[PDB]
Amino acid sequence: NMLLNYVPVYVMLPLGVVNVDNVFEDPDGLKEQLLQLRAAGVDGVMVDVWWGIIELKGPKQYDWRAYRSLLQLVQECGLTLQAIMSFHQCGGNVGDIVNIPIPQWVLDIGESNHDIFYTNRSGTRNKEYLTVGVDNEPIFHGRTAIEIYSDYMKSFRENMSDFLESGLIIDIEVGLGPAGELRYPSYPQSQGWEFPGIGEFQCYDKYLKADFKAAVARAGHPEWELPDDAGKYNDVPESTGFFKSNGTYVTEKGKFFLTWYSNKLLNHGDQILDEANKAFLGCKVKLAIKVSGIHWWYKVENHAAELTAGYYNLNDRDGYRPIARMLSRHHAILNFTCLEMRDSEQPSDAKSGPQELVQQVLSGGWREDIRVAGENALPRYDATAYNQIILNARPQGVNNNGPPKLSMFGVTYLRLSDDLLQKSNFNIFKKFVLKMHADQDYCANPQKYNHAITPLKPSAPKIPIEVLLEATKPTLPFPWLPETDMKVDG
């Protein structure tokens, strides 16, 4: 059936819908908007569940009330929900609207131990998220950073058990770094980065520096140091000793460092997803993580922006398919971004390859047999953006005689705003929702399009890092159509 071609569309809710004071501010206003979405055929919505609002008062002082009133209203409006366990800061830059820090009691510990924060070579502390170096350090009033995350997710599961039982929540995305993405904070606008700066390595806090020196001593080179020649945030790769042609990234020292640095994210990801699987075990929910789409310098050999972010991806070393393989023991979804972007829209000197990056990451996921979802990175209201999302959602088009060979598990559109709901904009969005649904009407029962959610099974066994790293072998991507066969039309 054509309904086997249906890809669900979710919309991201406005930022700060429950504010920093844990108040669901405007139920009436949100409700008119949600009902517009329900009539346009949208399948669900997505919301951040900010750790800095919930566990603000102190360790295990959770207040779930205002998020319970929000989930109640989404359910009354007939929409499902993707929930993000957001363990990161919202906003906080100059010009930002809603600013929600991580818990003040965590920030107070940070006042006496600055090394709980990701740190660059200059010694600047990024406070958006806790460094992977403290994941198993019992320094937060007896808890390690992963026990804080685990406890938060167990409390969410217990206190929202009625919305979980009644099937409101489709999936739980677990925030794994800055902006909820599994990466280092290598391109902080708060420290002056501007596209397409290569960014900077964020491994200089004392826990990660110490771990690196222990690791180079075991490899037989105790003298090796953390990079001192990779430049600054706004550098271009050829003006740096680390990323130029035949530079340090290609030496024994550079490769060992890049393997260590990227391996820290796989393991960070693997251990917290272990806890998420335990917390939500038995629930009719899928688990997901978000990978960032870092497309600038993708078209040059060095892939510098990708490497400073922690994705050790080169033309001869796949740095994304190890992440897909890791997610398969957890039966999790890889949620990616840049689904709307065309290469032709990027400034030429950025050496930007969003279309190719997307084809590489989604093909890597389908090859590893996991489910792949995605978002647009920037707000777009035009038909060419929507037709690019429809092309990536079904790369080889609609199958008239079955399910597509390749299709995404879903797409979340970023952000519900008054601009989206403006008349000419919302008319084009309604056509996008239709074409995503492969010209079928909204289908309330996911089982009809083969998206039924079972009870969350326990994680399959730990895959050793060397088996994870066999997925670095480069493969050719699946074939993409030039343009979609299910066009919104201009």
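The first residue of the shown sequence is 1; numbering continues from there.
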For this session: Return whichever of 395 to 403 and 306 to 314 has the greater mean Cα B factor according to the PDB record.
Result: 395 to 403
For this session: Using the B-factors recorded in the PDB entry, average over the C-alpha atoms of 107 to 115 and of 200 to 208, then report which stretch comes out higher.
Result: 107 to 115
For this session: From the list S239, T131, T144, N335, select the residue with the highest C-alpha B factor recorded in the entry.
Result: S239
Exercise. From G41, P455, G52, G44, which pick has the Cα B-factor that tops the rest in the entry?
Worked result: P455
Problem set entry | Chain-wide C-alpha B factor ranking for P14, given as lowest, middle or highest third | lowest
Exercise. In terms of the CA temperature factor given in the entry, to which third of its chain does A66 belong: lowest, middle or highest?
Worked result: lowest
Problem set entry | Where the record places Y320 (Cα B-factor, split into thirds across the chain) | lowest
Exercise. If you rank every modelled residue in this chain by C-alpha B factor, which third holds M408: lowest, middle or highest?
Worked result: middle
Exercise. Can you tell me which third, lowest, middle or highest, the CA B-factor of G192 falls into for its chain?
Worked result: highest
